[PDB]
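Engineer: Sending over upload.cif (mmCIF, C-alpha atoms).
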data_protein
loop_
_atom_site.group_PDB
_atom_site.id
_atom_site.type_symbol
_atom_site.label_atom_id
_atom_site.label_comp_id
_atom_site.auth_asym_id
_atom_site.auth_seq_id
_atom_site.Cartn_x
_atom_site.Cartn_y
_atom_site.Cartn_z
ATOM 1 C CA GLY A 61 11.132 65.854 -113.878
ATOM 2 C CA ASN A 62 11.511 69.471 -112.751
ATOM 3 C CA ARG A 63 8.801 68.956 -110.139
ATOM 4 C CA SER A 64 11.346 67.702 -107.609
ATOM 5 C CA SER A 65 9.375 68.844 -104.557
ATOM 6 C CA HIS A 66 10.653 67.946 -101.082
ATOM 7 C CA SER A 67 8.471 65.310 -99.399
ATOM 8 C CA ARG A 68 11.102 62.795 -98.297
ATOM 9 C CA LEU A 69 10.638 63.963 -94.714
ATOM 10 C CA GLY A 70 10.218 60.376 -93.529
ATOM 11 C CA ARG A 71 9.576 59.432 -89.901
ATOM 12 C CA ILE A 72 11.255 61.457 -87.140
ATOM 13 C CA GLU A 73 11.595 60.714 -83.420
ATOM 14 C CA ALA A 74 8.291 62.316 -82.433
ATOM 15 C CA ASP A 75 5.464 60.068 -83.643
ATOM 16 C CA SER A 76 6.600 57.309 -81.291
ATOM 17 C CA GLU A 77 3.721 58.069 -78.932
ATOM 18 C CA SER A 78 0.584 56.160 -79.894
ATOM 19 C CA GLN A 79 1.807 53.521 -82.335
ATOM 20 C CA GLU A 80 -1.679 53.566 -83.854
ATOM 21 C CA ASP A 81 -1.180 57.226 -84.740
ATOM 22 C CA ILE A 82 1.868 56.236 -86.772
ATOM 23 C CA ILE A 83 -0.199 53.903 -88.942
ATOM 24 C CA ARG A 84 -2.778 56.619 -89.553
ATOM 25 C CA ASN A 85 -0.033 58.996 -90.683
ATOM 26 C CA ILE A 86 1.537 56.295 -92.867
ATOM 27 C CA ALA A 87 -1.830 55.485 -94.429
ATOM 28 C CA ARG A 88 -2.377 59.112 -95.432
ATOM 29 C CA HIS A 89 1.017 59.121 -97.150
ATOM 30 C CA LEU A 90 0.263 55.894 -99.012
ATOM 31 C CA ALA A 91 -3.085 57.355 -100.037
ATOM 32 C CA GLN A 92 -1.268 60.154 -101.850
ATOM 33 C CA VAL A 93 1.009 57.685 -103.657
ATOM 34 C CA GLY A 94 -1.942 55.311 -103.918
ATOM 35 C CA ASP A 95 -3.940 57.892 -105.862
ATOM 36 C CA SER A 96 -1.347 58.054 -108.646
ATOM 37 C CA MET A 97 -1.669 54.275 -109.013
ATOM 38 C CA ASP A 98 -4.909 54.929 -110.919
ATOM 39 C CA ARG A 99 -3.104 56.955 -113.593
ATOM 40 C CA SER A 100 0.406 55.493 -113.924
ATOM 41 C CA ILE A 101 -0.137 51.782 -114.608
ATOM 42 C CA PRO A 102 -2.925 52.029 -117.250
ATOM 43 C CA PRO A 103 -2.666 53.551 -120.781
ATOM 44 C CA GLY A 104 -4.707 56.519 -119.528
ATOM 45 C CA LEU A 105 -8.293 57.773 -119.753
ATOM 46 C CA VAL A 106 -9.076 54.054 -119.707
ATOM 47 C CA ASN A 107 -11.365 54.668 -116.742
ATOM 48 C CA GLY A 108 -13.261 57.514 -118.384
ATOM 49 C CA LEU A 109 -14.172 55.183 -121.238
ATOM 50 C CA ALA A 110 -15.037 52.380 -118.825
ATOM 51 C CA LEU A 111 -17.328 54.616 -116.766
ATOM 52 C CA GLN A 112 -18.744 56.318 -119.847
ATOM 53 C CA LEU A 113 -19.133 52.971 -121.599
ATOM 54 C CA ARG A 114 -21.455 51.701 -118.876
ATOM 55 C CA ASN A 115 -23.507 54.888 -118.989
ATOM 56 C CA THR A 116 -23.983 54.618 -122.753
ATOM 57 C CA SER A 117 -24.717 50.885 -122.643
ATOM 58 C CA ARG A 118 -26.838 51.470 -119.545
ATOM 59 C CA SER A 119 -29.528 49.084 -120.821
ATOM 60 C CA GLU A 120 -28.667 45.930 -118.856
ATOM 61 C CA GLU A 121 -27.237 44.805 -115.511
ATOM 62 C CA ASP A 122 -29.094 45.428 -112.252
ATOM 63 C CA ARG A 123 -32.018 43.601 -113.862
ATOM 64 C CA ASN A 124 -30.483 40.217 -113.027
ATOM 65 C CA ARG A 125 -28.695 41.432 -109.909
ATOM 66 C CA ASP A 126 -31.975 42.908 -108.704
ATOM 67 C CA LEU A 127 -33.332 40.072 -106.560
ATOM 68 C CA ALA A 128 -29.812 38.786 -105.956
ATOM 69 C CA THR A 129 -29.072 41.959 -103.996
ATOM 70 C CA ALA A 130 -32.188 41.467 -101.878
ATOM 71 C CA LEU A 131 -31.091 37.945 -100.938
ATOM 72 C CA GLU A 132 -27.570 39.137 -100.148
ATOM 73 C CA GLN A 133 -28.669 42.232 -98.248
ATOM 74 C CA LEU A 134 -31.433 40.339 -96.462
ATOM 75 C CA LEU A 135 -29.214 37.340 -95.768
ATOM 76 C CA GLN A 136 -26.358 39.584 -94.702
ATOM 77 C CA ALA A 137 -28.657 41.228 -92.143
ATOM 78 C CA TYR A 138 -30.461 38.215 -90.651
ATOM 79 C CA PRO A 139 -29.543 38.206 -86.919
ATOM 80 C CA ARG A 140 -33.063 37.223 -85.888
ATOM 81 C CA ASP A 141 -34.183 37.352 -82.256
ATOM 82 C CA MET A 142 -32.892 33.807 -81.641
ATOM 83 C CA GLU A 143 -34.432 34.233 -78.171
ATOM 84 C CA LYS A 144 -37.656 32.544 -79.232
ATOM 85 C CA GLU A 145 -35.598 29.675 -80.632
ATOM 86 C CA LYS A 146 -33.301 29.251 -77.629
ATOM 87 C CA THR A 147 -36.093 30.072 -75.194
ATOM 88 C CA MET A 148 -38.380 27.502 -76.782
ATOM 89 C CA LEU A 149 -35.806 24.734 -76.329
ATOM 90 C CA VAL A 150 -34.652 25.940 -72.907
ATOM 91 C CA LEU A 151 -38.228 26.568 -71.831
ATOM 92 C CA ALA A 152 -39.244 23.059 -72.864
ATOM 93 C CA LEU A 153 -36.324 21.565 -70.950
ATOM 94 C CA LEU A 154 -37.294 23.490 -67.825
ATOM 95 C CA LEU A 155 -40.813 22.102 -68.041
ATOM 96 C CA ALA A 156 -39.497 18.562 -68.460
ATOM 97 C CA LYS A 157 -36.814 19.191 -65.857
ATOM 98 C CA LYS A 158 -39.396 20.163 -63.237
ATOM 99 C CA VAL A 159 -41.437 17.085 -64.095
ATOM 100 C CA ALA A 160 -38.391 14.802 -63.884
ATOM 101 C CA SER A 161 -37.286 16.366 -60.603
ATOM 102 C CA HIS A 162 -37.539 19.509 -58.458
ATOM 103 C CA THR A 163 -34.388 21.668 -58.183
ATOM 104 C CA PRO A 164 -33.230 20.289 -54.769
ATOM 105 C CA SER A 165 -32.395 22.882 -52.124
ATOM 106 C CA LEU A 166 -28.997 23.270 -50.439
ATOM 107 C CA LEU A 167 -27.298 22.765 -53.802
ATOM 108 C CA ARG A 168 -29.063 25.853 -55.128
ATOM 109 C CA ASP A 169 -27.780 28.088 -52.326
ATOM 110 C CA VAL A 170 -24.250 26.709 -52.582
ATOM 111 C CA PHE A 171 -24.311 26.880 -56.375
ATOM 112 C CA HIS A 172 -25.526 30.477 -56.276
ATOM 113 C CA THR A 173 -22.604 31.581 -54.105
ATOM 114 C CA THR A 174 -20.163 29.666 -56.306
ATOM 115 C CA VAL A 175 -21.500 31.552 -59.326
ATOM 116 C CA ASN A 176 -20.970 34.874 -57.535
ATOM 117 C CA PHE A 177 -17.296 34.012 -57.032
ATOM 118 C CA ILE A 178 -16.823 33.240 -60.739
ATOM 119 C CA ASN A 179 -19.051 36.154 -61.729
ATOM 120 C CA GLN A 180 -16.225 38.435 -60.607
ATOM 121 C CA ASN A 181 -14.141 39.892 -63.460
ATOM 122 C CA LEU A 182 -16.523 38.235 -65.922
ATOM 123 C CA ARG A 183 -19.274 40.572 -64.756
ATOM 124 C CA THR A 184 -17.292 43.376 -66.370
ATOM 125 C CA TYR A 185 -17.832 41.913 -69.848
ATOM 126 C CA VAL A 186 -21.289 40.484 -69.155
ATOM 127 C CA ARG A 187 -22.431 43.666 -67.412
ATOM 128 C CA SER A 188 -21.168 45.827 -70.270
ATOM 129 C CA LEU A 189 -23.059 43.656 -72.741
ATOM 130 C CA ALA A 190 -26.251 43.939 -70.701
ATOM 131 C CA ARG A 191 -28.221 47.179 -70.503
ATOM 132 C CA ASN A 192 -26.340 48.298 -73.609
ATOM 133 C CA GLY A 193 -26.765 48.344 -77.383
ATOM 134 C CA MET A 194 -24.384 46.928 -79.981
ATOM 135 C CA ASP A 195 -21.674 49.365 -78.899
#
Could you write out this file's structure as structure tokens?

Structural biologist:
Amino acid sequence: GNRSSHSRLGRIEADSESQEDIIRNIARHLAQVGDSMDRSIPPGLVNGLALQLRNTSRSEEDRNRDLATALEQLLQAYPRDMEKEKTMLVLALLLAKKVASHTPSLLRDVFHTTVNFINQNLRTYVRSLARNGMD
């Protein structure tokens, strides 16, 4: 082992700022040592054969996982509007609610103010969510 090489610098009073930055730096280091983990534990060239083996025998697979992927991908991305579902139930209740009784006054005005009081602070999260995309 004549490579020696000096890399045992380690951490030094300087990366204290931004603890998150420390992790990023540490990750990069591990990546370097992590890369050699793909050519130090196995006999060697084992991957080449594995990758090449699939290419040569590339006459199966995918055929059975074809539709399966669609179900997974489709299922994975199935947020749906949900508005039509919630709205339909809520809308129905409102119709029945009006029939059963008519939102009495006084309580509405008082309730509205009460909501404004609670709305504080919460509006920050709710407001951010509204008039905005996913992020």

Engineer: Identify, on the basis of all atoms listed in the file, every residue whose closest approach to segment 85-99 of chain A does not exceed 12 Å; exclude the query and any residue fewer than 3 positions from it along the same chain; express the result as a list in words.

Structural biologist: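 In the requested form, the answer reads residues 67, 68, 69, 70, 71, 75, 76, 78, 79, 80, 81, 82, 102, 103, 104, 105, 106, 107 and 108 of chain A.
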
Engineer: May I ask for the distance between atom CA of residue 179 of chain A and atom CA of residue 191 of chain A, given in Å to one decimal place?

Structural biologist: 16.8 Å

Engineer: What does the structure give for the distance between atom CA of residue 141 of chain A and atom CA of residue 193 of chain A, in Å to one decimal?

Structural biologist: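 One can read the atom CA of residue 141 of chain A to atom CA of residue 193 of chain A distance as 14.1 Å.
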
Engineer: Record the distance separating atom CA of residue 160 of chain A and atom CA of residue 148 of chain A, expressed in Å with one decimal.

Structural biologist: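 Between atom CA of residue 160 of chain A and atom CA of residue 148 of chain A the gap is 18.1 Å.
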